[PDB]
Amino acid sequence: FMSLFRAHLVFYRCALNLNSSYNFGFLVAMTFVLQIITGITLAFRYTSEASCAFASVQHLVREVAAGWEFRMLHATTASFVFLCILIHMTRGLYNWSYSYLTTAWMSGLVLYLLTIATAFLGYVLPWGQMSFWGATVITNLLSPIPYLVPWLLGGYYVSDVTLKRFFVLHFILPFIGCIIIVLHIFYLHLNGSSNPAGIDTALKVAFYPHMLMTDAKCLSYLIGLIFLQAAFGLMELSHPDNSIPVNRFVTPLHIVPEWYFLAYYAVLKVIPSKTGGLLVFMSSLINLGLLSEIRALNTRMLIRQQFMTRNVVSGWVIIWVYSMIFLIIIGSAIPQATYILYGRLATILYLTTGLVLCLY
Amino acid sequence: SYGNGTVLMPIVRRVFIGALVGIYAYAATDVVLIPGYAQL
Amino acid sequence: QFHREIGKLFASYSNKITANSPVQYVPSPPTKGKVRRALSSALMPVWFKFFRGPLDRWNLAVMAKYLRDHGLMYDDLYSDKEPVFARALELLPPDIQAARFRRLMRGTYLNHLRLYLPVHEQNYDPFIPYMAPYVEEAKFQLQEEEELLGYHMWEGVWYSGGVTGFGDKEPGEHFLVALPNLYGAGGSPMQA
Amino acid sequence: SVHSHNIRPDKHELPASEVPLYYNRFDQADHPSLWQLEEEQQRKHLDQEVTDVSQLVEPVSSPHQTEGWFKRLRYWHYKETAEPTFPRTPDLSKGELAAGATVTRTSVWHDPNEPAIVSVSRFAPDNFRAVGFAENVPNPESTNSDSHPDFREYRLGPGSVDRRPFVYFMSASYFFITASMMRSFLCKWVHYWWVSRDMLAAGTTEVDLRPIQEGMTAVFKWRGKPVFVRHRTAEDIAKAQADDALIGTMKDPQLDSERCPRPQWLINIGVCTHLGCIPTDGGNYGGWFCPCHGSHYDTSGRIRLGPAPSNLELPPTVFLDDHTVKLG
Amino acid sequence: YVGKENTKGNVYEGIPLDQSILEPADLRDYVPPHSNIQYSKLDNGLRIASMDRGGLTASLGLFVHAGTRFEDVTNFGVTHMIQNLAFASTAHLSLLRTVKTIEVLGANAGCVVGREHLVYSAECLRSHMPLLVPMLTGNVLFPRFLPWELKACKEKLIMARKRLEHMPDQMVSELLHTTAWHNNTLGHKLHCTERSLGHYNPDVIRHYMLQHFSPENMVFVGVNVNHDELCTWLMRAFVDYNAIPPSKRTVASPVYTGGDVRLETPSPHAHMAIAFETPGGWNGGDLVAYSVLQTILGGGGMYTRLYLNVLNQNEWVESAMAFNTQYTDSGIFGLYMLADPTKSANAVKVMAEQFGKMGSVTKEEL
Amino acid sequence: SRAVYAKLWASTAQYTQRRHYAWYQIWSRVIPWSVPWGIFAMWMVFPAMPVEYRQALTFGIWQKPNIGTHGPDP
Ligand SMILES: CCCCCCCCCCCCCCCCCC(=O)OC[C@H](COP(=O)([O-])OCC(O)COP(=O)([O-])OC[C@@H](COC(=O)CCCCCCCCCCCCCCCCC)OC(=O)CCCCCCCCCCCCCCCCC)OC(=O)CCCCCCCCCCCCCCCCC
Ligand SMILES: CCCCCCCCCCCCCCCCCC(=O)OC[C@H](COP(=O)([O-])OCC(O)COP(=O)([O-])OC[C@@H](COC(=O)CCCCCCCCCCCCCCCCC)OC(=O)CCCCCCCCCCCCCCCCC)OC(=O)CCCCCCCCCCCCCCCCC
Ligand SMILES: CCCCCCCCCCCCCCCCCC(=O)OC[C@H](COP(=O)([O-])OCC(O)COP(=O)([O-])OC[C@@H](COC(=O)CCCCCCCCCCCCCCCCC)OC(=O)CCCCCCCCCCCCCCCCC)OC(=O)CCCCCCCCCCCCCCCCC
Ligand SMILES: CCCCCCCCCCCCCCCCCC(=O)OC[C@H](COP(=O)([O-])OCC(O)COP(=O)([O-])OC[C@@H](COC(=O)CCCCCCCCCCCCCCCCC)OC(=O)CCCCCCCCCCCCCCCCC)OC(=O)CCCCCCCCCCCCCCCCC
Ligand SMILES: CCCCCCCCCCCCCCCCCC(=O)OC[C@H](COP(=O)([O-])OCC[N+](C)(C)C)OC(=O)CCCCCCCCCCCCCCCCC
Ligand SMILES: CCCCCCCCCCCCCCCCCC(=O)OC[C@H](COP(=O)([O-])OCC[N+](C)(C)C)OC(=O)CCCCCCCCCCCCCCCCC
Ligand code: HEM
Ligand code: HEM
Ligand SMILES: O=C1C(O)=C([C@H]2CC[C@H](c3ccc(Cl)cc3)CC2)C(=O)c2ccccc21
Ligand code: FES
């Protein structure tokens with residue numbers, strides 16, 4: 009397995025002009041490994057009982073040596089997982105990477121779905137108000153089929169049984185992640201990476217000396233920033249309301265998911281029909297999947313240059329990003345008619361600019 | 053094409069295009085037309 | 003006899019299509035129905051002056067400047083991961099091929115440095131079609147193979163020879179045929 | 160391969176020029192071709208008849224060879240302890256073996272009467288063969304002994320039935336038992352995720368209504384969900400009834416009198432029909448407002464605005480007395 | 095075959111093969127065809143000859159007067175290149191389509207080089223003749239000679255001789271030719287040497303063809319086809335296009351050198367051959383004398409001169425033979441033998457006696 | 002001749018129709034696999050259905066197993 013190590017991470021030859029925007033994959037992998045370490049060492053002291061989970065998490069912070077550090081590293085590294093993934097996705101929307109990296113793009117989408125599931129399962133385990141009512145909402149959202157929801161819950165309502173199986177599932181999924189990562193990289197190195205210029209070039213250079221050092225530099229920056237936020241708390245990434253014990257008969261008066269879930273939340277606020285809600289997610293994900301075979305949707309021969317530099321027309325990916333940010337903004341606010349109106353405007357933009365990527 | 057091993061992505065292409073046509077039809081019926089017929 | 007009956011359906015339809023065949027070139031029917039042709043023809047004076055005109059001019063300005071900064075031509079944007087263009091590149095003569103290689107090298111280096119070229123290096127037309135005679139030949143050659151070999155879904159032996167058996171001809175290009183060896187030094191397909 | 164040899168000097172095991180463990184008598188030929196002749200001139204023990212185990216020829220080599228504590232096996236042949244610089248000279252008069260080292264580092268091959276190049280030619284390892292070789296070494300003609308049965312007594316010949324049906328029936332039988340068992344396993348595993356036998360969700364309750372005041376909303380617990388009981392004011396009633404004229408416009412039309420069999424008493428399940436949140440006091444229609452996505456309900460329970468698809472659900476209930484109600 | 099129109103299936107299912115299925119409608123009263131050769135000519139120069147014997151399969155062939163004896167120091171190997179390019183891309187068909195169509199019609203087709211002729215031919219049912227005449231004439235009317243086909247076809251130029259290394263008899267044939275006419279005309283080799291792969295560029299091929307492939311140097315021959323249809327479909331082939339214009343070429347007489355040559359290899363016999371020249375060749379009047387004498391001696405029977413006077417009187421010869429090869433204007437005639445390699449000096453003596461007494465014959469043998 | 006070359010060129014004009022025929026053939030070979038897998042789907046999902054639907058779908062052959070417990074109460 010050493011010979012493979014050398015073939016793929018030492019003698020592998022890249023293009024000279026790979027700048028930082030091509031370093032974020034490595035970064036998400038590293039946040040995965042790190043999150044796994046802190047996960048396992050958190051599991052050694054966590055209690056999976058509805059009667060006492062909350063106090064179990066508080067015991068780590070209050071009465072255990074370095075107890076606070078692992079919880080906070082685990083909490084904060086999640087945000088960086090998602091931030092790095094979104095940068096990593098947008099880079100390849102910008103470049104039209106999926107033109108020839110077909111199966112890599114598919115694998116990517118599967119990994120993103122895995123990550124969403126993993127995060128949301130994690131989000132229930134500390135067992136506060138937000139955890140209980142979030143679980144209630146998302147389980148009610150997948151109700152269309154009889155008996156599936158009491159079965160997956162384990163029970164007529166969110167329960168200790170639900171906590172136990174969420175804990176086991178959150179244990180298992182990351183490692184399935186890892187396996188799919190190996191699959192991802194297989195498809196990638198089958199083809200070879202693209203340039204920022206989107207041309208084919210013979211001016212290649214080996215990995216170990218030049219690109220490995222850039223990977224290391226960015227890694228230093230990321231470790232830095234994680235520790236900064238973890239130790240000092242600069243930003244209010246997580247809302248305070250998960251600090252309150254659960255009550256099964258009273259909701260919290262103000263509700264804000266974790267930031268990486270706000271856009272979705274915005275949709276659930278503005279579309280009238282609940283099924284329309286769910287279908288928007290399904291449709292957008294199907295549209296992203298459809299990009300894998302964009303070469304077939306037209307008989308003009310395709311190029312990777314999108315000529316977005318100096319261009320007054322901008323590009324659909326940029327409009328997508330700004331629409332998504334606008335949806336995050338509206339996600340965060342209270343339900344009111346005007347917020348809903350601009351919500352619907354932004355939602356139409358978000359859907360249309362995704363549909364239109366296929367129309368070259 | 054002849055002499056190529058990719059055989060399962062074309063099927064997924066057709067299924068996806070199908071499914072989007074489906075979803076948009078149903079969404080037009082659900083979110084717009086049925087209410088519209090209450091306003092007509 | 004179900005199969006022969008559906009055969010009959012297919013055969014009659016094909017004979018209809020055959021009977022209508024011309025014996026010489028006939029111009030294609032328009033791409034748009036008469037309604038949309040009418041509407042476009044009506045709205046032309048406003049739409050072309052205010053919107054389409056400037057859009058199509060800005061586009062060429064953007065493209066030209068980006069190509070001139072780097073010293074590329076337009077036909078340097080196509081890849082060889084595209085079968086037709088791969089054939090076209092196989093059919094090229096020495097000089098054109100060498101010049102393309104050189105331009106791609108220079109473009110890579112310049113995009114690495116992110117430095118403009120002097121304006122006196124940018125005095126050329128980037129949109130010359132230097133690949134066309136070869137792309138058309140490639141299209142012909144690759145169309146005839148589909149006609150004469152690809153007209154059916156052929157049946158094969160599965161997972162033998164390093165190929166899945168559903169059509170591939172290069173070993174280990176798919177995941178279920180990864181890792182061909184467990185001992186030894188391996189090998190390469192090009193040295194068989 | 161991954162396996163070493165163990166050629167080394169050893170003080171427990173003397174070299175084979177010193178102490179051979181095999182029986183050290185060998186015949187020698189001037190040219191190995193001559194070994195052909197002996198194969199067609201000797202007698203052989205396997206060409207002759209014996210009937211009892213006691214008649215089998217006795218081994219030439221002695222039982223008494225290897226000694227030492229806890230050594231089960233008492234007989235061996237070959238060892239790889241290393242030779243010295245000056246080996247022990249073989250005595251060819253006793254038919255001892257001369258091979259490798261003992262040819263190179265010894266005078267054994269020397270003859271007064273003969274050129275050296277001729278003399279050395281007789282000491283290749285093909286020129287030596289043990290005593291008893293032609294008489295005892297077997298050379299089979301087949302793997303099958305004529306005293307055992309081969310396919311000839313088991314072959315199904317002319318006149319036989321066809322057995323494909325039987326073979327494939329055998330294997331189909333195996334498989335359908337297998338599949339039944341597999342399905343049973345999956346069914347049990349699925350069932351194991353289902354709700355436990357202690358829960359049962361059964362029960363009923365009753366409520367006393369004397370302490371309630373006009374305009375107040377009381378909340379109670381029923382089958383795992385909250386239930387609202389409200390003593391409506393005359394103006395609440397009027398608000399509900401004024402919107403009966405606009406029933407045309409509603410997403411889930413219903414008239415107030417059905418929802419309040421006693422007009423001044425309003426009863427509902429306290430849960431949002433959208434995704435399960437619990438509506439709060441207020442909203443635009445003096446009823447209830449859900450904070451999770453913004454649905455509004457009127458003073459009768461009806462959905463007036465927002466994403467929720469139906470009115471607040473009526474629980475199965477009865478007024479037991481003027482001042483007491485039954486749930487379930 | 096997009097579906098099929100006929101649904102009746104196997105209409106003779108279950109009928110044994112010793113039970114007839116012919117109806118009286120399918121009986122006929124036999125009329126023979128007429129089978130003397132018919133001779134015609136197109137206006138551009140092409141000569142046509144035809145016969146019919148009422149067989150169901152036809153034989154079609156185009157003959158061109160372009161052998162290897164017409165090459166020179168700048169041309170050596172060009173004829174082999176042309177033959178190795180037969181049924182390649184032409185003006186209106188590609189190589190792939192051509193060969194695939196010939197396969198699917200069911201036919202067998204090919205091209206052959208000699209020292210004086212080049213031949214193309216095909217064969218299948220006679221009802222397909224109109225579809226085969228184009229594909230045969232194409233090769234001489236308008237080939238394209240695209241570079242990437244020449245380059246891909248090169249290895250077949252070397253395999254042609256690599257296989258001769260395990261065909262001793264043919265090998266000796268070639269040795270005889272190159273020794274008899276050293277370095278001229280019939281002497282030239284039938285293959286591309288290493289020195290012959292330089293001038294493998296389209297201009298040399300094309301310039302060579304412009305000197306030989308004109309219509310008046312050609313013949314088209316057909317067997318089992320109706321002559322007026324053959325004439326019609328041949329005329330319809332040359333009517334639109336300009337053929338290669340005529341040329342008043344001249345041919346030099348072969349110079350016979352003779353000589354001697356040896357080539358050793360582990361074969362377990364001494365193979366030997368001796369030969370003399372036939373003055374005038376096929377155009378000499380004595381074409382029948384040599385062909386009778388070859389049968390007196392013994393061709394490639406058991407009452408022949410060699411069989412009686414050599415093979416039955418010596419233990420150490422495996423085979424003795426007389427050979428006779430003729431060309432338009434010269435030939436050779438001689439003897440060939442395989443012997444025990446320890447007795448070659450006796451083999452020469454036997455051959456010398458035999459040559460000694462060919463001059464005289466008795467009427468029984470004659 | 003122009004006529005023959007035209008016929009040869011036109012021989013493959015209907016490529017798409019032949020490909021549709023191929024679709025038909027392969028799907029005809031493939032689609033019967035739906036019966037085994039359909040039976041197994043139904044096998045697994047039968048005990049999830051209401052008792053009445055189990056009784057109905059088996060035309061009254063299926064009934065609650067009798068194991069000697071939970072009998073009527075006088
Ligand atoms: C809430 C609202 C929103 C809802 C969501 C809406 C989402 C909509 C958007 C959808 C996005 C895309 C989804 C995937 C589409 C895939 C299309 C496809 O077929 O692509 C062909 C395409 C190649 O086609 P081709 O180019 O024609 O090549 C021809 C070759 O002959 C082909 O051979 P090859 O060797 O070249 O290719 C590899 C081959 C062979 O690959 C392998 O052998 C790899 C095996 C790895 C196993 C590792 C364990 C994985 C366990 C499942 C994890 C699921 C996580 C899901 C995330 C949410 C979690 C809550 O795999 C395939 O060909 C693909 C098979 C189908 C994959 C389906 C993946 C999704 C469903 C999987 C779970 C099913 C549910 C039950 C289990 C759930 C358990 C949690 O393949 C890909 O691109 C696949 C990339 C890898 C992604 C999948 C990785 C997982 C593989 C799972 C295999 C099935 C077993 C599952 C476990 C069962 C036991 C527990
Ligand atoms: C790990 C695997 C295990 C090892 C063994 C391998 C297992 C595979 C066996 C299944 C395949 C049976 C079908 C045989 C077809 C033979 C045809 C032929 O002559 O071959 C040449 C032909 C290709 O030659 P070509 O036509 O020159 O190529 C041009 C292109 O095909 C482009 O052609 P085009 O663009 O002109 O369009 C043509 C297209 C035109 O048609 C369409 O495009 C129709 C689109 C309509 C949309 C509806 C969806 C269509 C797909 C149906 C899927 C249903 C199957 C699943 C049922 C589940 C039951 C529980 O034609 C078709 O779609 C006809 C074939 C469709 C068959 C697909 C389903 C076959 C499965 C049957 C057994 C099902 C039991 C599964 C049990 C559960 C586990 C999976 O072969 C194919 O096209 C292959 C079709 C079959 C798919 C590949 C098999 C998968 C191999 C990778 C394994 C992935 C496993 C992942 C799990 C990993 C676990 C960890
Ligand atoms: C404060 C209190 C203090 C109290 C102090 C008390 C001290 C008492 C000490 C007693 C020491 C006894 C041993 C004396 C050894 C003398 C050696 C000697 O003179 O060597 C000269 C001389 C040495 O020269 P050499 O060159 O080595 O030649 C010898 C050969 O090498 C030999 O090789 P070879 O090839 O010629 O012969 C074949 C070879 C190879 O033979 C085989 O491989 C054959 C194997 C056949 C096995 C078949 C088994 C089948 C049945 C299995 C049943 C299942 C059982 C398992 C399941 C059961 C359930 C659990 O045979 C052997 O290896 C024989 C092995 C005999 C083992 C005897 C072990 C006695 C242990 C006594 C207890 C000691 C303390 C225990 C530990 C205490 C806690 C640390 O050797 C000889 O001449 C031969 C002498 C052999 C003597 C053996 C018999 C000794 C009998 C002693 C009786 C003692 C009675 C004590 C009563 C105490 C009452 C209180
Ligand atoms: C006899 C001589 C000997 C011959 C020897 C020959 C050799 C072969 C042997 C043959 C001898 C007998 C052997 C006995 C075999 C059978 C026993 C057996 O197999 O039991 C198994 C047994 C299973 O027991 P079980 O599951 O408790 O059984 C419960 C029953 O199944 C009860 O379950 P259920 O009642 O819930 O089942 C439900 C069932 C219920 O079934 C029924 O009730 C069907 C009734 C059948 C009636 C029969 C009809 C035929 C007879 C008619 C008579 C004809 C008369 C004419 C002839 C006579 C007069 C001429 O319904 C269905 O299945 C679904 C219905 C059909 C679906 C298809 C949809 C059709 C729709 C209909 C459309 C029509 C319209 C309807 C709509 C209505 C409106 C119009 O094994 C076990 O208990 C488990 C063993 C543990 C082993 C675990 C396996 C290993 C796991 C480890 C894996 C982990 C390691 C990793 C993997 C390792 C991999 C290597
Ligand atoms: C891909 C995942 C599959 C999971 C399998 C579970 C499916 C559900 C439960 C079983 C359903 C019944 C079986 C399927 C039907 C039979 C298949 C079929 O068509 O037959 C093909 C064939 C049937 O062959 P046949 O010769 O009997 O008949 C076919 C020929 N005709 C059609 C002419 C009759 O099966 C085989 O040849 C299989 C060879 C192996 C047989 C022995 C297997 C025993 C188990 C060995 C060890 C297991 C441990 C390894 C597993 C790892 C995990 C622990
Ligand atoms: C491609 C298919 C993949 C299939 C993967 C699915 C595997 C996991 C299956 C889980 C099923 C859970 C069902 C939820 C309902 C509650 C179950 C339960 O225990 O109920 C109590 C019941 C008993 O009821 P009870 O006695 O507890 O009381 C309730 C009474 N009833 C049920 C009437 C309301 O227990 C069971 O019977 C066990 C459930 C068996 C159902 C198994 C379903 C398997 C699904 C696979 C079918 C796949 C077909 C292909 C589809 C593909 C389409 C593209
Ligand atoms: C990509 C990998 C992972 C991600 C993205 C992830 C995500 C999360 C998130 C967002 C939380 C919420 C923490 C909080 O709200 O304070 C969490 C908690 C938790 N995770 Fe994970 N996790 C990952 C891997 C793992 C692994 C591999 C394990 C164990 C093997 C694990 C065990 C836990 C535990 C025990 C908690 C509870 C923390 C607490 O109660 O304070 N995690 N995880
Ligand atoms: C755990 C999640 C992921 C990991 C660990 C990961 C890892 C990597 C790595 C290491 C690379 C090569 C170096 C680099 O580009 O940084 C890469 C490239 C790539 N990834 Fe990911 N990735 C993940 C998620 C995704 C997602 C969600 C997508 C798409 C939606 C995706 C699509 C791609 C593409 C297209 C490339 C190559 C782009 C090009 O070559 O031009 N990946 N990935
Ligand atoms: O009302 C909500 C709500 O709508 C969600 C939502 C956010 C989006 C989630 C989500 C949507 C789509 C995907 Cl693919 C993944 C997660 C589902 C839960 C919450 O997270 C929540 C948490 C606590 C209290 C109330 C609520
Ligand atoms: S859960 Fe009440 S409005 Fe959505």
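Chains as they are written, first to last, in PDB author numbering: chain A, 9 to 368; chain L, 53 to 92; chain G, 3 to 194; chain C, 160 to 487; chain e, 95 to 394, 405 to 470; chain j, 2 to 75. Each residue gets a CB set at the ideal place from its N, CA and C atoms; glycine is no exception.
Which value, in whole angstroms, describes the spacing of the CA atoms of residue i and residue j?
i	j	result
j/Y22	L/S53	17 Å
e/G232	e/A152	19 Å
Would you say residue i reaches chain L, if we count a Cβ-Cβ gap shorter than 9 Å as a contact?
i	result
A/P260	no
Within 9 Å of any Cβ in chain j, is that where the Cβ of residue i sits?
i	result
e/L179	no
G/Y15	yes
C/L345	yes
Who pairs with residue i in a beta bridge, going by DSSP?
i	result
C/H455	C/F448 and C/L464
e/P373	e/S434
In chain order, what residues of the same chain lie with their CB nearer than 6 Å to the CB of residue i, ignoring the 5 residues before and after it?
i	result
A/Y347	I338 and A341
Looking only at its own chain, which residues have a Cβ that is under 8 Å from the Cβ of residue i, when we skip the five neighbours before and after it?
i	result
C/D411	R461, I462, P468, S469 and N470
What residue range is occupied by the uninterrupted beta strand (DSSP E) comprising residue i?
i	result
e/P262	Run containing e/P262: none in the beta strand (DSSP E); it sits in the alpha helix (DSSP H), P262 to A274.
Spatial neighbours of residue i within its chain, please: CB distance less than 7 Å, with the 5 preceding and 5 following residues excluded, ordered by chain position.
i	result
e/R300	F239
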